[PDB]
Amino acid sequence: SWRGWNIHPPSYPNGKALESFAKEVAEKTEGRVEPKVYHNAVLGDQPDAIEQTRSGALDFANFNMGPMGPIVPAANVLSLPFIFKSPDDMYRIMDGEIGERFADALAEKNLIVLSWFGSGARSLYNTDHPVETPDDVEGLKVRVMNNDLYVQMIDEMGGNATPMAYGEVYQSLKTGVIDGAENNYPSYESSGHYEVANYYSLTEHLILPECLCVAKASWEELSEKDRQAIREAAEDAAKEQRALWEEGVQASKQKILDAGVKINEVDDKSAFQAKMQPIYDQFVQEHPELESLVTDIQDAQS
């Protein structure tokens, strides 16, 4: 018996892929390993679940790499704004040697990465006006996930930020406690945020991988043959997740458009990116040992 964690609903692309993984694992191990996925963060918010998985209280999970940054230093590289040019670049990079360096870093903190899920690009949405240039972010209080890099990101754009659990964002928008947040289409849609924050502006400022990972303790207990089988199941599940993801993005977009959401491309994404320089400079000064990881990712997209 394995318990697994997903923050999203069962029908979200990630949810479907995880159920496929769970089935394939049970089938390939002849019932020796029987994973059960707990969706909707039933077993805790993301930071607490990461903790429970490191200690082996939870057996597997789909984590966004953003919240992984405060736990695994190398993972913070993935939260540098605009580090990836597109999700396709991110997939190519994460499926190759650079992705292995991230897996190595997570393993040191007791998480065994089996495959990488996509989460598109995250963009700003708010209740007040289209964002066309960085100066339009002035005056907006924007929710971010709990990584200091995201507060720095919003601050450099011109606004102000506040870290908050995903589950709380909807009501916080409804009550006016925050003016906006940022995410991909499927989250913006499935969470209901689009019902309150009607302006979605395509900053596409973060392209965050997500892992499908196992507690090191749970991993080590297995036979060698079952590890090989579960690794295969995870790879198949990620392939499925990425296919479901593309469809899901288009379906979510059409739904929010039909609902009257105002979507705008920004004037010039490079103007937002240029403002991020101090973030990169400070990062590589703090972490000289991670500088070559930053430059290797940048260089791999020329």
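Sequential numbering from 1, following the sequence displayed.
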Could you check which stretch, 27-35 or 233-241, carries the larger mean CA temperature factor in the entry? 27-35
Segment of higher mean CA temperature factor, 42-50 or 271-279: 42-50
Which of these has the highest Cα B-factor in the record: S187, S172, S123, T133? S172
Out of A74, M94, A217, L212, which shows the largest CA B-factor listed in the entry? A217
Could you tell me which third, lowest, middle or highest, the C-alpha B-factor of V137 occupies within its chain? middle
Would you mind ranking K225 by its C-alpha B-factor against the rest of the chain and naming the third, lowest, middle or highest? highest
Is the Cα B-factor recorded for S115 in the lowest, middle or highest third of its chain? middle
Sorting the chain's modelled residues by C-alpha B-factor and splitting them into thirds places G180 in the lowest
Consider only the C-alpha atoms of the modelled residues in this chain, order them by B-factor as the entry records it, and name the third containing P87: lowest, middle or highest. middle
